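Student: I have a structure I would like to understand better, so I am pasting it below and will then ask my questions one at a time.
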Amino acid sequence: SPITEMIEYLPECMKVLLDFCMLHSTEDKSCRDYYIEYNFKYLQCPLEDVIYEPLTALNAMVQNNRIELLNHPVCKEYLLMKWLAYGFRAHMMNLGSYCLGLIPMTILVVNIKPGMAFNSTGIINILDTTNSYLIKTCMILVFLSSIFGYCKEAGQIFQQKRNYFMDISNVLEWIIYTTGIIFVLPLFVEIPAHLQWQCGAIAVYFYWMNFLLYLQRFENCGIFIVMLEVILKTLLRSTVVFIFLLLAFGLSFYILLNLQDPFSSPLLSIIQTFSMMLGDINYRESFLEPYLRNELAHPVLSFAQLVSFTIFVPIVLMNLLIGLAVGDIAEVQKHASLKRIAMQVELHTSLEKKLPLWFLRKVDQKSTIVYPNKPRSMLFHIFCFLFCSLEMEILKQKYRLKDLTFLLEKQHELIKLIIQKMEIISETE
Amino acid sequence: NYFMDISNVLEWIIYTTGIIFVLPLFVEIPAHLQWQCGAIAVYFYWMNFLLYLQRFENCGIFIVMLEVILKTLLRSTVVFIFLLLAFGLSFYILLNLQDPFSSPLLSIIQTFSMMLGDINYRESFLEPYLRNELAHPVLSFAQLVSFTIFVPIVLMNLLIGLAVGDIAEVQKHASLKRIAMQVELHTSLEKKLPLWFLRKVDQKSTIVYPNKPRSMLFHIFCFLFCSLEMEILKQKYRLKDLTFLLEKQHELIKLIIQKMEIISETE
Ligand SMILES: CCCCCCCC/C=C\CCCCCCCC(=O)O[C@H](COC(=O)CCCCCCCCCCCCCCC)COP(=O)([O-])OCC[N+](C)(C)C
Ligand SMILES: CCCCCCCC/C=C\CCCCCCCC(=O)O[C@H](COC(=O)CCCCCCCCCCCCCCC)COP(=O)([O-])OCC[N+](C)(C)C
């Protein structure tokens, strides 16, 4: 299609073409009745036996890195119309389906004291029925949300066909739903309180850790999560150097400092050196005051181990992590403004494939009218409250020089023809 | 139009709170409310004086960098809230018998204090474990190692990288920003002056003596005070002139062949 070819090859002509789809009313910004009109006849499907994915021109602009065309106001109003059509509704539905399981477990935690067992009748201590209705409704909501998650994931097992294995969000959801089921089960089957609160800890922790993955779809929140992913994978890659260096210092401090309680076991010494990584060395408690009481076996080697540990782990390794973090964040923020709109257009073109086609005909609109002086009204007010080039130059240079040398070659051939056909009298010999 | 401005809000807080701090010369007020207002009044006076420091040249760029990093932290605060709420509710569950985690809100504030690296490993994790006072000890040490990996190492270095990027972005254009703020200050202050004063104080030419230092007031003021794109563009202009002249020359040579006389070279 010619629009995709203009996006791929000559984007400035596509900008000129998009400039025609901006109809100004009277060129007076002070007028309350002033408006502008956006037409979307070039952004639509090329048909309007092969099939096309939705948002053809937008995917072509994203895949060709034409970020100056994504920031064009026709494209911005096209994404805004596409959002207010169905995307906000589907996104709030998807978020509420998880938040319906998120909220009552947090209420159930912050009301009931940990350690105690509780049925649907109340808190077993002797028992009370003060807020038993709220506890019962919260356990019913968490149980129904968990079995709905089981049904959805059991559908996605047969839908994915052994392709969901290399995904951490599915693993987190299995942990959340199983652990919340075991936390809720004392309304049916009696379970001791130790296992119940052991599961309540893990369930609340992984609920609020998994909600960050639902935060990826926003524009003002996704880039922090992307940077978090990059730095966490880099730490994952450095963990073996972490393990061997920390194991060196842990076994060494297990040997030299044996009589002290923080280094009694080798595993406790490993965890103590991991706590000492950040700089909480405890110099006076572990090294100085045992030395002044003659309680250090091998004191000279102990202070040498202290100065070697303080040089290696909290200074060198931590600044290595800081430098890796600065490099990775600079790498991500080099391409952030394209990444935001790319995630938005990927969200819209992934959600639009599953919608029914009559709904897609009914909600679609080919042109919009914006009044700049009149603010949008209630729901839109609440939404506004909650919301708050040298390579191509040398390439053109090279094209013009190639045209120049072609014309000069033709001219040289014509001059040789002149010498071949010229008449020479009184200049011979 | 003054609604979307934080300096006006700070000034409302300062003047109301200072009025309530001063009022016991007129109307008797208990000392609790009086010193409660004195705290807030002194704090916001000295926080607001930084905004008055923006108009200097040697001081404004630090305030601009402070604005940029503080707005970036404002943008990251929701990830802060959810991550810290995860760890706060978790340590409220597993560490219940200890005084720093008695309430859920106290556990939230304790994890916020543990953000920087003041973990208190020996007081909260080790010595209760050696006295058999930890319910769920294995899960507690797993929560400890997970917290120490996530919050003080990963999130703080994320803040450091964002800070380095923002400060590099600001100091890329600092020398223009200083003189731009100065000329904006002068062109904003000059609009409100009376025009006869602007005629009287203006001067069309100055004389500077480099060898003689300026005198007293000026001495106290001196004591208190202490390109490849255009090249290729010109390249492109010269090449366009070159190809225009060569086009004219080619047309002249075709005219030569059109008007040339050929004898004894035909056929
Ligand atoms: C002595 C000891 C020394 C040891 C040193 C060890 C040092 C090693 C340190 C760290 C390595 C371990 C990191 C594990 C996860 C990293 C990969 C990952 O999730 O990235 C990506 C998302 O991730 C993100 O970008 C968001 C981040 C939020 C996820 C947090 C949950 C983790 C809780 C665990 C805590 C367990 C503790 C439990 C205890 C009770 C997922 O990968 P992807 O497929 O690219 O993206 C798909 C994303 N969608 C499409 C699915 C949405
Ligand atoms: C568990 C908890 C977890 C929570 C995590 C939370 C993390 C979130 C962290 C931070 C977000 C909160 C930041 C609030 C202000 C940021 C915007 C701002 O002022 O920037 C700009 C100026 O600002 C500057 O550049 C100078 C900076 C000085 C101002 C300090 C006063 C703040 C005192 C509050 C303390 C309250 C405490 C009181 C208690 C007693 C103003 O914006 P502007 O209009 O662009 O510029 C106009 C400037 N002129 C023209 C007017 C001059």
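The numbers used for chain B are those of Swiss-Prot, and the residues that appear cover 798-1012, 1015-1025, 1039-1079, in sequence.
According to its header, the structure was obtained by electron microscopy, 2.8 Å.
Cβ coordinates are placed from backbone N, Cα and C, and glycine is handled just like the others.
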Student: I'm curious whether B:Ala828 and B:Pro897 share a membrane side according to Swiss-Prot, where sharing means carrying the same topological domain name.
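Tutor: Going by Swiss-Prot, B:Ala828 and B:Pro897 are on the same face of the membrane.
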Student: Where DSSP helix means H, G or I and strand means E or B, what are the helix, strand and coil counts for the topological domain 'Extracellular' (B:893-901)?
Tutor: 4 helix, 0 strand, 5 coil
Student: For the topological domain 'Extracellular' (B:893-901), find every same-chain residue at least 6 residues outside the stretch whose CB is under 8 Å from a CB in it, and list them.
Tutor: 885-886, 907, 917, 921, 925, 930, 932
Student: In terms of Cβ proximity under 8 Å, which residues at least six beyond the ends of the topological domain 'Extracellular' (B:923-933) contact it?
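Tutor: For the topological domain 'Extracellular' (B:923-933), the sequence-distant neighbours (Cβ-Cβ under 8 Å, at least 6 residues beyond its ends) are 891-895.
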Student: Could you pull out which residues elsewhere in the chain have a CB under 8 Å from any CB of the transmembrane segment (B:830-850), counting only those six or more residues past its ends?
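Tutor: For the transmembrane segment (B:830-850), the nonlocal Cβ contacts are 804, 807-808, 810-811, 814-815, 817-818, 820-821, 856-857, 860, 863.
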Student: Work out how many Å separate B:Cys856 (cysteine sulfenic acid (-SOH)) and B:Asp915 (site 'Crucial for calcium permeation') at their Cα atoms, rounded off.
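Tutor: Between the alpha carbons of B:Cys856 (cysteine sulfenic acid (-SOH)) and B:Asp915 (site 'Crucial for calcium permeation') there are 33 Å.
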